[PDB]
Every structure is written in structure tokens, then in C-alpha cells.
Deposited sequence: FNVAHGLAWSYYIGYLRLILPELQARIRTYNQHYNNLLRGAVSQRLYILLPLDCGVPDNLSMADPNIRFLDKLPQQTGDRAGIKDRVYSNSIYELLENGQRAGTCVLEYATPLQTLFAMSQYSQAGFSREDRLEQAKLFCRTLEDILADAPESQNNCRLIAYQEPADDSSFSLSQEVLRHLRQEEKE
């Protein structure tokens, strides 16, 4: 019923609690060897549940730089540069919360019992649950940040790059 609760816990249990303890060392290794990449995993949480199929960002101000190197479990995490009026303004490890894509897909399948008009409610519950987990989680040692956003309801202009930079600059301050 409250499907997003279980998905948040699973996402923590089966992914975040495994990848997050080794992230800082992977980033410090990249910053030593291969314009420093910021220390946290930035997790994009579009409340419209729109995650591109290729996991690629359409915003040309969010430009793919490189894969993080590894620490039988291969983790593909991407480093992006954030541009603002033509200028490199930040560099971070960025990815979508893929369980939101699962909410979207469930809403499309007749036998999932997941109404199309419940995506927003479930997305918000996913965000709330995940933020509550991360607040009491030992593997989160200042190494992920949740970026939840809804684009304007009138379909006015939205900048995902500006959304991310606001969060990065809060961590600067």
C-alpha cells in the first residue's frame, strides 16, 4: 500500500549502506590520481518520478566528466561538472534515485495496483523515509545529499544545474 516505504528501505539496505562507506576513499583516490570532486554522493529525487532511460541528464549545464574508479560487485558512479553562465561552478558524483523510476513503471502496469495519480504522494514518502533512514544511519558519515525537487506546475523554466549548485554551495558554507 505505502509502497515507497519498502523501496526506501531496500534502496538503503541493498545499495546505499554498501556503496557509501567506500565512497570517500574512491573520491580521494580520483582527486589524487585523475578541479576537485566534492566528497558526497548527490542523489537526484525528481518528485515527478521522471528518470531518463539511459540515466543521462538532458541539462547541458550538467556535463559528464568521468566514472569514479572501483574500490563481484561493480559500481558505476558518474562525476559531472556543473556549468553556470559558461563557467565550471562545481564538480560532483551525481545520480538519480532509481526507485522513483520504479514507482513510475509500477503506475503504468495494470496488475501493480498503483494508481497513476499516486506518483507524487509516493515520491514524497520515498524522500521522507530515505531522509529519516539517513539521519540515523551509521554508513552516512557526511557522504550523501538528497536533492528533491518539483518543476513549476505551469511548465515554466527549470534549471536542474542551479538546483544542484545551490546544494553544493550550502556545503561550501
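Several segments of the deposited sequence are absent from the coordinates, namely 35 to 39, 77 to 84, 187.
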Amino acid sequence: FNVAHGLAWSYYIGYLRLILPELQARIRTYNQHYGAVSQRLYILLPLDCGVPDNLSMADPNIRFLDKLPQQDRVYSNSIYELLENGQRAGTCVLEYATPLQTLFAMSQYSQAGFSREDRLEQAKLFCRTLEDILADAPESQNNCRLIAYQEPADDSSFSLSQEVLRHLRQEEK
From here on, numbers count along this sequence of modelled residues.
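Take the two forms, find the largest set of C-alpha atoms that superpose within 1.5 Å, and that set is the rigid core.
Relative to the shown model and aligned on the rigid core, the C-alphas in 7 other deposited structures of this protein deviate most, among 36 to 44 and 110 to 118, for 110 to 118. In 7 other deposited structures of this protein, superposed on the rigid core, the segment with the larger root-mean-square CA displacement between 62 to 70 and 45 to 53 is 45 to 53.
In the other compared entries of this protein that model both flanking residues, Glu22 has coordinates in every one, well short of a third left out.
For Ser156, the fraction of other compared entries lacking coordinates, among those that model flanking residues, reaches at least a third. For the pair 12 to 20 and 161 to 169, the mean B factor over Cα atoms is greater in 161 to 169.
In this crystal structure, the stretch out of 124 to 132 and 24 to 32 whose C-alpha atoms carry the higher mean B factor is 24 to 32. Split the chain's modelled residues into thirds by C-alpha temperature factor. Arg119 is in the lowest one. Per the PDB record, residue ranking by Cα B-factor puts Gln111 in the middle third of the chain.
The entry lists a Cα temperature factor for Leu100 that places it in the lowest third of the chain's modelled residues. When the CA B factors of the chain's modelled residues are split into thirds, the value for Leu47 lands in the lowest one. Remark: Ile147 belongs to the lowest third of its chain, ranked by C-alpha B-factor as recorded.
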